[PDB]
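Student: Just so we're aligned: the sequence shown equals residues 5 to 198, 214 to 287, 296 to 424 in the deposited numbering. Here it is: the structure, laid out below.
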Amino acid sequence: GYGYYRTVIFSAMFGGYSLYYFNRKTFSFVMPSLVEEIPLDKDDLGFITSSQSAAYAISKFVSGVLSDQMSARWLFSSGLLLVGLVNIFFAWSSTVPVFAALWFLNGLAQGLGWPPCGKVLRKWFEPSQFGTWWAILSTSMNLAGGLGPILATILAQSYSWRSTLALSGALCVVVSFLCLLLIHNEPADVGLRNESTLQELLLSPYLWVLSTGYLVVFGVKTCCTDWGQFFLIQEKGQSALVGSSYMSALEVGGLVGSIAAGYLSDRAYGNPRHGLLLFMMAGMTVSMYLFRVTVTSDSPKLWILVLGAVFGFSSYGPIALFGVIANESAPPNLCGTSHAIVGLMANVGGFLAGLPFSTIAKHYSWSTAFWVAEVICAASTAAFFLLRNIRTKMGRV
Ligand SMILES: O=C(/C=C\c1ccc(O)c(O)c1)O[C@@H]1C[C@](O)(C(=O)O)C[C@@H](O)[C@H]1O
């Protein structure tokens, strides 16, 4: 029976990939309480996040390159176990070098679990149904972003910050074991039946336009999430519950954005679905400007929630659009390399959000850094609008 095994395996990957993201973002979930008991400046936080981002970038790139000669279940279980172990260790350390080393290892382990999902999806599902399943997998990510912050704060009001990560880590370990028991690599182990050149790929302007757009979008999203959580409390006179609700609403909006963008793009030199992407980017920068300027010490909370949801929608739509367009325009025999390059550029964009942004905020203010980010986003949107009727097919032409 294909259906039974498909359902079981997909549920197992859903749970494992949700725990992956939860343990990845636990630091952003608890950061305010940890800063409250251990006095730290913005530079230390930026250093830790940048170290994790760099480690994840290198590990994911190399694992994606060499994934063709490893088993999916073992890699998934190993990665989950290592992430749980480093999360458990994090709950006992109380210094800035140990935190940075532990999160570097966290990124290294988190980079391992990406290729197995694609391998299982390709082995167990039809080639014409990849993206759809990809889509729902992305929703799991958003789910981990939604339940994470608020619960953490709810636990923080009566328990230590160190009593959450540790518990989370334990869960991962247990789930990892269940994952190995519940994941089969191919529909044959159970028993039931189963051009261009590299010099021409990198010499395509559209390949760099897409990469730079993804870089900008990912960096701006990471900046908004972590440093707006801190911005709402440290400068706008709001409490930590509002800071957590802002991120929860951001992820709630991002879920519906990721779900819808595929439908709107599919119903609709250049690409047919560039207008939706440009509109979403414009909405993202407009919402950023409104959030920076309108919110004061005395403002209703459902205005902040609306701003967060709108930004999440306008940020998570373009990510799916970028992925689908990169898959569609890729050379016929170089899809994996193109996906790896675009992911690497998105990861370096996310890396740029940690330390330089925190240093700018430390020197001038949070407002100045957010204004710089919004200015960069507006300039990128204008440039993308200008550079939109160029060749979209990459390769030997
Ligand atoms: O391949 C994909 C994504 C979707 C995809 C694949 C085959 C398809 O046939 C399809 O319709 C859709 O990679 C994802 C997007 C990524 O940014 C990229 O594409 O560069 C890299 C990484 O971030 C991944 O999340």
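All C-beta atoms, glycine included, are put in the ideal place defined by N, C-alpha and C.
List the whole-angstrom C-beta distance separating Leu-112 from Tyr-24, where the pair is believed to meet the contact cut-off of C-beta under 8 Å.
Tutor: About 13 Å; that fails the 8 Å criterion.
Student: Please list, in chain order, all residues of the same chain as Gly-115 whose beta carbon is under 7 Å from its beta carbon, the five residues on each side excluded.
Tutor: Hits under 7 Å: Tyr-60, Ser-63, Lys-64, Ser-67.
Student: Starting from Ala-400, follow the alpha helix (DSSP H) in both directions and report where the run begins and ends.
Tutor: Start and end: 393-413.
Student: Run the proximity test for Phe-134: is its beta-carbon closer than 6 Å to any non-hydrogen atom belonging to ligand 1?
Tutor: yes
Student: For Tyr-316, which residues in the same chain have their Cβ closer than 7 Å to its Cβ, ignoring the five residues on either side in sequence?
Tutor: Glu-401
Student: Looking at the structure shown, is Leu-334 part of a helix, part of a strand, or coil, going by DSSP?
Tutor: helix
Student: For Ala-396 and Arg-319, what's the separation of their Cα atoms in angstroms?
Tutor: 11 Å
Student: Give the single residue among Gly-20, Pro-383, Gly-370 whose Cα lies nearest to the Cα of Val-178.
Tutor: The shortest C-alpha separation from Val-178 is found at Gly-20.
Student: Decide if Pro-36 is buried, meaning its Cβ has at least 16 other Cβ atoms within 10 Å, or exposed.
Tutor: buried
Student: Can you say whether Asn-360 is buried or exposed, counting buried as having 16 or more other CB atoms within 10 angstroms of its CB?
Tutor: exposed
Student: Tell me the rounded alpha-carbon separation between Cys-404 and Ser-324.
Tutor: 26 Å
Student: Please report the Cβ distance between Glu-214 and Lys-127, rounded to the nearest whole angstrom; I am assuming they are in contact, meaning their Cβ atoms lie under 8 Å.
Tutor: About 25 Å separates the two Cβ atoms, so there is no contact after all.
Student: Could you check if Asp-48 is buried or exposed, using at least 16 other CB atoms within 10 Å of its CB as the buried criterion?
Tutor: By the C-beta density criterion, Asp-48 is buried, having at least 16 other C-beta atoms within 10 angstroms.
Student: Would you mind working out which of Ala-309, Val-375, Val-271 sits nearest residue 289, comparing C-alpha positions?
Tutor: Since the numbering of the chain jumps from 287 to 296, residue 289 cannot be located in this structure.
Student: Taking just the CA atoms, how far does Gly-5 sit from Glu-130?
Tutor: Using only the alpha carbons, I get a separation of about 16 Å.
Student: For the candidate residues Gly-149, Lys-255, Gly-256, whose alpha-carbon lies nearest to that of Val-271?
Tutor: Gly-149
Student: Return the residue from the list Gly-377, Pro-383, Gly-350 that minimises the CA-CA distance to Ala-367.
Tutor: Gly-350
Student: Am I right that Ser-54 and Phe-378 are in contact with their C-beta atoms under 8 Å? What's the rounded C-beta distance?
Tutor: 6 Å
Student: Just how far apart, CA to CA, sit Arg-197 and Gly-7?
Tutor: 13 Å
Student: Using 7 Å as the threshold, is the C-beta distance between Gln-248 and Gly-262 below it?
Tutor: yes
Student: Taking 6 Å as the cut-off, is the C-beta of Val-369 nearer than that to any heavy atom in ligand 1?
Tutor: yes
Student: Alpha carbon to alpha carbon, how far is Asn-146 from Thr-241?
Tutor: 14 Å
Student: Rounded to whole angstroms, what's the CA-CA distance from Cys-183 to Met-17? Just pull it up for me.
Tutor: About 8 Å.
Student: Please report the straight-line C-alpha distance between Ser-356 and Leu-125, rounded to a whole angstrom.
Tutor: 21 Å
Student: On a Cα-Cα basis, can you pick out the residue from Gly-422, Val-100, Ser-407 that is closest to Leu-220?
Tutor: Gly-422
Student: Just the Cα atoms here: how many angstroms apart are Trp-138 and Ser-314?
Tutor: 28 Å
Student: Kindly give me the distance between the Cβ atoms of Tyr-225 and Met-372, rounded to whole angstroms, as I take these residues to be in contact under 8 Å.
Tutor: At roughly 13 Å, the Cβ-Cβ gap does not stay under 8 Å, so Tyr-225 and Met-372 are not in contact.
Student: Over what stretch of residues does the alpha helix (DSSP H) that includes residue 212 continue unbroken?
Tutor: This model leaves out residue 212; its place in the chain lies between 198 and 214, and no residues are given there.
Student: Below 6 Å, is the gap between the Cβ of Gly-297 and the nearest heavy atom of ligand 1?
Tutor: no
Student: Could you spell out where the alpha helix (DSSP H) holding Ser-264 opens and where it closes?
Tutor: 259-286
Student: Could you work out which residue in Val-424, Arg-418, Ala-388, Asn-374 is closest to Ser-57 when comparing CA atoms only?
Tutor: The residue among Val-424, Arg-418, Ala-388, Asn-374 with its C-alpha nearest the C-alpha of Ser-57 is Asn-374.
Student: Hey, quick one: how far does the alpha helix (DSSP H) through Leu-217 stretch, first residue to last?
Tutor: 217-220
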